[PDB]
>>> print(open('my_file.cif').read())   # mmCIF, N, CA, C and O atoms
data_start
#
loop_
_atom_site.group_PDB
_atom_site.id
_atom_site.type_symbol
_atom_site.label_atom_id
_atom_site.label_comp_id
_atom_site.auth_asym_id
_atom_site.auth_seq_id
_atom_site.Cartn_x
_atom_site.Cartn_y
_atom_site.Cartn_z
ATOM 1 N N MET A 1 61.118 -29.358 31.150
ATOM 2 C CA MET A 1 60.156 -30.452 31.125
ATOM 3 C C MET A 1 58.740 -29.901 31.085
ATOM 4 O O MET A 1 57.881 -30.412 30.369
ATOM 5 N N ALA A 2 58.509 -28.849 31.854
ATOM 6 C CA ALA A 2 57.196 -28.229 31.894
ATOM 7 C C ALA A 2 56.813 -27.697 30.512
ATOM 8 O O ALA A 2 55.679 -27.853 30.068
ATOM 9 N N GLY A 3 57.768 -27.079 29.822
ATOM 10 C CA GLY A 3 57.498 -26.554 28.490
ATOM 11 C C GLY A 3 57.101 -27.687 27.549
ATOM 12 O O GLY A 3 56.156 -27.548 26.778
ATOM 13 N N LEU A 4 57.829 -28.793 27.645
ATOM 14 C CA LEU A 4 57.570 -29.962 26.816
ATOM 15 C C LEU A 4 56.142 -30.461 27.064
ATOM 16 O O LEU A 4 55.393 -30.750 26.122
ATOM 17 N N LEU A 5 55.758 -30.536 28.334
ATOM 18 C CA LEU A 5 54.417 -30.989 28.689
ATOM 19 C C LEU A 5 53.358 -30.024 28.145
ATOM 20 O O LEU A 5 52.335 -30.447 27.612
ATOM 21 N N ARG A 6 53.601 -28.724 28.289
ATOM 22 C CA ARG A 6 52.654 -27.726 27.811
ATOM 23 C C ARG A 6 52.450 -27.855 26.306
ATOM 24 O O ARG A 6 51.325 -27.783 25.813
ATOM 25 N N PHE A 7 53.543 -28.044 25.582
ATOM 26 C CA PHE A 7 53.475 -28.184 24.140
ATOM 27 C C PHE A 7 52.639 -29.403 23.764
ATOM 28 O O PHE A 7 51.783 -29.341 22.879
ATOM 29 N N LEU A 8 52.887 -30.514 24.432
ATOM 30 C CA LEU A 8 52.141 -31.720 24.122
ATOM 31 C C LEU A 8 50.655 -31.513 24.392
ATOM 32 O O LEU A 8 49.815 -31.964 23.616
ATOM 33 N N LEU A 9 50.332 -30.831 25.489
ATOM 34 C CA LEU A 9 48.936 -30.565 25.840
ATOM 35 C C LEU A 9 48.272 -29.679 24.792
ATOM 36 O O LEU A 9 47.137 -29.927 24.383
ATOM 37 N N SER A 10 48.974 -28.631 24.371
ATOM 38 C CA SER A 10 48.420 -27.715 23.391
ATOM 39 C C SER A 10 48.119 -28.451 22.098
ATOM 40 O O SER A 10 47.117 -28.178 21.437
ATOM 41 N N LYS A 11 48.989 -29.380 21.728
ATOM 42 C CA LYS A 11 48.774 -30.126 20.492
ATOM 43 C C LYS A 11 47.617 -31.127 20.648
ATOM 44 O O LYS A 11 46.760 -31.236 19.774
ATOM 45 N N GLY A 12 47.588 -31.837 21.770
ATOM 46 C CA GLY A 12 46.524 -32.809 22.023
ATOM 47 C C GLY A 12 46.512 -33.232 23.487
ATOM 48 O O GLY A 12 47.513 -33.113 24.187
ATOM 49 N N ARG A 13 45.373 -33.737 23.935
ATOM 50 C CA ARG A 13 45.245 -34.190 25.307
ATOM 51 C C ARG A 13 45.775 -35.605 25.432
ATOM 52 O O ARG A 13 46.328 -35.993 26.460
ATOM 53 N N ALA A 14 45.591 -36.383 24.371
ATOM 54 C CA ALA A 14 46.045 -37.763 24.368
ATOM 55 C C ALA A 14 47.562 -37.819 24.511
ATOM 56 O O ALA A 14 48.101 -38.648 25.234
ATOM 57 N N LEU A 15 48.240 -36.918 23.822
ATOM 58 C CA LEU A 15 49.689 -36.859 23.880
ATOM 59 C C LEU A 15 50.139 -36.568 25.306
ATOM 60 O O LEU A 15 51.092 -37.166 25.812
ATOM 61 N N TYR A 16 49.436 -35.641 25.956
ATOM 62 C CA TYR A 16 49.760 -35.272 27.329
ATOM 63 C C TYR A 16 49.592 -36.462 28.255
ATOM 64 O O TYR A 16 50.445 -36.723 29.110
ATOM 65 N N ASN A 17 48.485 -37.173 28.085
ATOM 66 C CA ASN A 17 48.210 -38.332 28.919
ATOM 67 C C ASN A 17 49.302 -39.385 28.739
ATOM 68 O O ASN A 17 49.770 -39.971 29.714
ATOM 69 N N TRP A 18 49.704 -39.622 27.493
ATOM 70 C CA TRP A 18 50.742 -40.603 27.205
ATOM 71 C C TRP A 18 52.053 -40.233 27.894
ATOM 72 O O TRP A 18 52.722 -41.097 28.462
ATOM 73 N N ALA A 19 52.421 -38.957 27.824
ATOM 74 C CA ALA A 19 53.667 -38.502 28.432
ATOM 75 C C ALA A 19 53.631 -38.697 29.941
ATOM 76 O O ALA A 19 54.612 -39.127 30.546
ATOM 77 N N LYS A 20 52.489 -38.382 30.538
ATOM 78 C CA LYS A 20 52.325 -38.527 31.981
ATOM 79 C C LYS A 20 52.432 -39.995 32.388
ATOM 80 O O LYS A 20 53.090 -40.334 33.374
ATOM 81 N N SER A 21 51.774 -40.861 31.625
ATOM 82 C CA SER A 21 51.785 -42.288 31.913
ATOM 83 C C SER A 21 53.199 -42.865 31.838
ATOM 84 O O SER A 21 53.583 -43.677 32.682
ATOM 85 N N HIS A 22 53.974 -42.456 30.823
ATOM 86 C CA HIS A 22 55.335 -42.961 30.652
ATOM 87 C C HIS A 22 56.332 -41.815 30.567
ATOM 88 O O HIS A 22 56.673 -41.347 29.478
ATOM 89 N N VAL A 23 56.807 -41.381 31.721
ATOM 90 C CA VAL A 23 57.776 -40.303 31.768
ATOM 91 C C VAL A 23 59.070 -40.770 31.123
ATOM 92 O O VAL A 23 59.879 -39.976 30.623
ATOM 93 N N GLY A 24 59.270 -42.076 31.145
ATOM 94 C CA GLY A 24 60.463 -42.652 30.562
ATOM 95 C C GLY A 24 60.521 -42.344 29.069
ATOM 96 O O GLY A 24 61.577 -42.023 28.532
ATOM 97 N N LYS A 25 59.386 -42.457 28.400
ATOM 98 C CA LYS A 25 59.341 -42.201 26.968
ATOM 99 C C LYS A 25 59.753 -40.760 26.686
ATOM 100 O O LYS A 25 60.477 -40.501 25.725
ATOM 101 N N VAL A 26 59.289 -39.849 27.536
ATOM 102 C CA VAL A 26 59.606 -38.432 27.392
ATOM 103 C C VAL A 26 61.101 -38.229 27.494
ATOM 104 O O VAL A 26 61.711 -37.531 26.680
ATOM 105 N N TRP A 27 61.687 -38.861 28.496
ATOM 106 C CA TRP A 27 63.125 -38.756 28.704
ATOM 107 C C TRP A 27 63.885 -39.333 27.512
ATOM 108 O O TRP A 27 64.864 -38.750 27.057
ATOM 109 N N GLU A 28 63.440 -40.489 27.035
ATOM 110 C CA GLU A 28 64.086 -41.158 25.906
ATOM 111 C C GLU A 28 64.103 -40.260 24.673
ATOM 112 O O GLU A 28 65.132 -40.151 24.005
ATOM 113 N N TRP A 29 62.973 -39.618 24.355
ATOM 114 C CA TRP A 29 62.944 -38.754 23.180
ATOM 115 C C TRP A 29 63.851 -37.541 23.377
ATOM 116 O O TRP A 29 64.528 -37.110 22.444
ATOM 117 N N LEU A 30 63.863 -36.981 24.585
ATOM 118 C CA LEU A 30 64.701 -35.812 24.839
ATOM 119 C C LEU A 30 66.171 -36.165 24.663
ATOM 120 O O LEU A 30 66.934 -35.397 24.076
ATOM 121 N N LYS A 31 66.566 -37.331 25.164
ATOM 122 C CA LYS A 31 67.949 -37.767 25.034
ATOM 123 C C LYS A 31 68.309 -37.912 23.558
ATOM 124 O O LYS A 31 69.378 -37.491 23.125
ATOM 125 N N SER A 32 67.398 -38.507 22.791
ATOM 126 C CA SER A 32 67.617 -38.707 21.362
ATOM 127 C C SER A 32 67.785 -37.364 20.657
ATOM 128 O O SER A 32 68.598 -37.227 19.740
ATOM 129 N N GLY A 33 67.014 -36.377 21.097
ATOM 130 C CA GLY A 33 67.085 -35.045 20.514
ATOM 131 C C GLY A 33 66.015 -34.845 19.445
ATOM 132 O O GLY A 33 65.995 -33.823 18.758
ATOM 133 N N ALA A 34 65.132 -35.823 19.305
ATOM 134 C CA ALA A 34 64.069 -35.736 18.313
ATOM 135 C C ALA A 34 63.324 -34.410 18.438
ATOM 136 O O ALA A 34 63.696 -33.545 19.227
ATOM 137 N N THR A 35 62.265 -34.258 17.647
ATOM 138 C CA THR A 35 61.466 -33.038 17.671
ATOM 139 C C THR A 35 60.127 -33.296 18.347
ATOM 140 O O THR A 35 59.623 -34.416 18.324
ATOM 141 N N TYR A 36 59.576 -32.264 18.969
ATOM 142 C CA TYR A 36 58.308 -32.393 19.673
ATOM 143 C C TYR A 36 57.214 -32.877 18.728
ATOM 144 O O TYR A 36 56.399 -33.730 19.095
ATOM 145 N N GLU A 37 57.207 -32.327 17.513
ATOM 146 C CA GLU A 37 56.218 -32.705 16.516
ATOM 147 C C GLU A 37 56.357 -34.182 16.154
ATOM 148 O O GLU A 37 55.390 -34.930 16.172
ATOM 149 N N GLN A 38 57.567 -34.601 15.830
ATOM 150 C CA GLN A 38 57.795 -35.992 15.463
ATOM 151 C C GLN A 38 57.377 -36.932 16.585
ATOM 152 O O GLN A 38 56.806 -37.999 16.328
ATOM 153 N N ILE A 39 57.693 -36.550 17.819
ATOM 154 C CA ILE A 39 57.372 -37.388 18.966
ATOM 155 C C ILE A 39 55.854 -37.541 19.135
ATOM 156 O O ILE A 39 55.352 -38.652 19.343
ATOM 157 N N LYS A 40 55.079 -36.445 19.017
ATOM 158 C CA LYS A 40 53.633 -36.625 19.141
ATOM 159 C C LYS A 40 53.124 -37.418 17.979
ATOM 160 O O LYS A 40 52.159 -38.138 18.159
ATOM 161 N N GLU A 41 53.724 -37.233 16.796
ATOM 162 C CA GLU A 41 53.282 -37.950 15.616
ATOM 163 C C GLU A 41 53.350 -39.440 15.893
ATOM 164 O O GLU A 41 52.381 -40.142 15.669
ATOM 165 N N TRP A 42 54.482 -39.910 16.403
ATOM 166 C CA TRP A 42 54.621 -41.328 16.715
ATOM 167 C C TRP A 42 53.556 -41.756 17.713
ATOM 168 O O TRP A 42 52.946 -42.816 17.577
ATOM 169 N N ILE A 43 53.364 -40.932 18.726
ATOM 170 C CA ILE A 43 52.406 -41.256 19.776
ATOM 171 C C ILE A 43 50.989 -41.360 19.261
ATOM 172 O O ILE A 43 50.278 -42.312 19.584
ATOM 173 N N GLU A 44 50.578 -40.400 18.463
ATOM 174 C CA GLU A 44 49.233 -40.420 17.962
ATOM 175 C C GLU A 44 49.041 -41.571 16.975
ATOM 176 O O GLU A 44 47.985 -42.199 16.969
ATOM 177 N N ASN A 45 50.067 -41.891 16.178
ATOM 178 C CA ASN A 45 49.964 -43.006 15.251
ATOM 179 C C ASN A 45 49.777 -44.325 16.011
ATOM 180 O O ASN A 45 48.963 -45.161 15.616
ATOM 181 N N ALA A 46 50.529 -44.510 17.103
ATOM 182 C CA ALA A 46 50.417 -45.732 17.893
ATOM 183 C C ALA A 46 49.027 -45.824 18.510
ATOM 184 O O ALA A 46 48.411 -46.889 18.526
ATOM 185 N N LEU A 47 48.530 -44.689 19.000
ATOM 186 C CA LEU A 47 47.212 -44.639 19.606
ATOM 187 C C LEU A 47 46.136 -45.062 18.600
ATOM 188 O O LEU A 47 45.247 -45.844 18.932
ATOM 189 N N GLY A 48 46.224 -44.551 17.368
ATOM 190 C CA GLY A 48 45.246 -44.900 16.342
ATOM 191 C C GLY A 48 45.303 -46.389 16.036
ATOM 192 O O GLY A 48 44.270 -47.045 15.886
ATOM 193 N N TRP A 49 46.521 -46.914 15.950
ATOM 194 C CA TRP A 49 46.718 -48.329 15.662
ATOM 195 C C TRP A 49 46.114 -49.190 16.764
ATOM 196 O O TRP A 49 45.514 -50.230 16.491
ATOM 197 N N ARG A 50 46.275 -48.752 18.009
ATOM 198 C CA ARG A 50 45.740 -49.498 19.141
ATOM 199 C C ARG A 50 44.223 -49.349 19.218
ATOM 200 O O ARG A 50 43.538 -50.271 18.810
#
>>> encode(input="my_file.cif", output="structure tokens")
Amino acid sequence: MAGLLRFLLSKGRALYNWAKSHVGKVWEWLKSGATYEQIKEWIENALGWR
């Protein structure tokens, strides 16, 4: 989990904040098996839309 958080932080701060706010989302993506890149992509796209 720590590695996942570090990766998100290195890519962006917004991604890190999102993961912290909703740990559930982090768990959901891990269960799915998606990729770290794809997951931040979705997150950043939603952020821009909002």
>>> resolve_selection(input="my_file.cif", expression="the PyMOL selection byres (((chain A and resi 9-13 and name CA) around 12) and name CA)", output="count of residues only")
22
>>> atom_distance(input="my_file.cif", atom1="atom C of residue A:48", atom2="atom O of residue A:28")
22.3 Å
>>> atom_distance(input="my_file.cif", atom1="atom O of residue A:1", atom2="atom O of residue A:32")
16.6 Å
>>> atom_distance(input="my_file.cif", atom1="atom O of residue A:22", atom2="atom CA of residue A:34")
14.5 Å
>>> axis_aligned_box(input="my_file.cif", around="stretch 33-43 of chain A", padding_each_side="6 Å", output="JSON")
{"center_x": 58.7, "center_y": -37.5, "center_z": 18.3, "size_x": 28.8, "size_y": 22.6, "size_z": 17.6}
>>> decode(input="my_file.cif", residues="chain A", atoms="C-alpha atoms", output="CSV table (one decimal), in the first residue's frame")
chain,number,residue,atom,x,y,z
A,1,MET,CA,0.0,0.0,0.0
A,2,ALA,CA,2.9,2.3,0.9
A,3,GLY,CA,4.4,1.7,-2.6
A,4,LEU,CA,1.1,2.5,-4.2
A,5,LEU,CA,0.9,5.8,-2.3
A,6,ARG,CA,4.5,6.7,-3.1
A,7,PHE,CA,3.8,6.1,-6.8
A,8,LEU,CA,0.7,8.3,-6.8
A,9,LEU,CA,2.6,11.1,-5.0
A,10,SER,CA,5.5,11.0,-7.4
A,11,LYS,CA,3.1,11.3,-10.3
A,12,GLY,CA,1.0,14.0,-8.7
A,13,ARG,CA,-0.1,15.5,-5.4
A,14,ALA,CA,-3.7,15.6,-6.4
A,15,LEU,CA,-3.7,11.9,-7.0
A,16,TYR,CA,-2.2,11.3,-3.5
A,17,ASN,CA,-4.8,13.5,-1.9
A,18,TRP,CA,-7.6,11.7,-3.7
A,19,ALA,CA,-6.3,8.3,-2.5
A,20,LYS,CA,-6.0,9.5,1.1
A,21,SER,CA,-9.5,10.9,1.0
A,22,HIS,CA,-11.0,7.7,-0.4
A,23,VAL,CA,-9.0,4.6,0.7
A,24,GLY,CA,-11.9,2.6,-0.6
A,25,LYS,CA,-11.2,3.7,-4.2
A,26,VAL,CA,-7.6,2.5,-3.7
A,27,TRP,CA,-8.8,-0.9,-2.5
A,28,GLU,CA,-11.3,-1.1,-5.3
A,29,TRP,CA,-8.7,-0.5,-8.0
A,30,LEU,CA,-6.2,-3.0,-6.4
A,31,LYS,CA,-8.9,-5.7,-6.3
A,32,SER,CA,-9.7,-5.0,-10.0
A,33,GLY,CA,-6.0,-5.4,-10.8
A,34,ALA,CA,-6.0,-2.2,-12.9
A,35,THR,CA,-2.7,-0.3,-13.5
A,36,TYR,CA,-1.4,2.6,-11.4
A,37,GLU,CA,-1.1,4.7,-14.5
A,38,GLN,CA,-4.7,4.0,-15.6
A,39,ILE,CA,-6.0,4.7,-12.1
A,40,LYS,CA,-4.4,8.1,-11.8
A,41,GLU,CA,-5.5,8.9,-15.3
A,42,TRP,CA,-9.1,8.3,-14.3
A,43,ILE,CA,-8.6,10.4,-11.1
A,44,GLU,CA,-7.0,13.3,-12.9
A,45,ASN,CA,-9.7,13.3,-15.6
A,46,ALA,CA,-12.4,13.4,-13.0
A,47,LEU,CA,-10.6,16.2,-11.2
A,48,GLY,CA,-10.4,18.3,-14.4
A,49,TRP,CA,-14.1,17.7,-15.1
A,50,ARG,CA,-15.0,18.8,-11.6
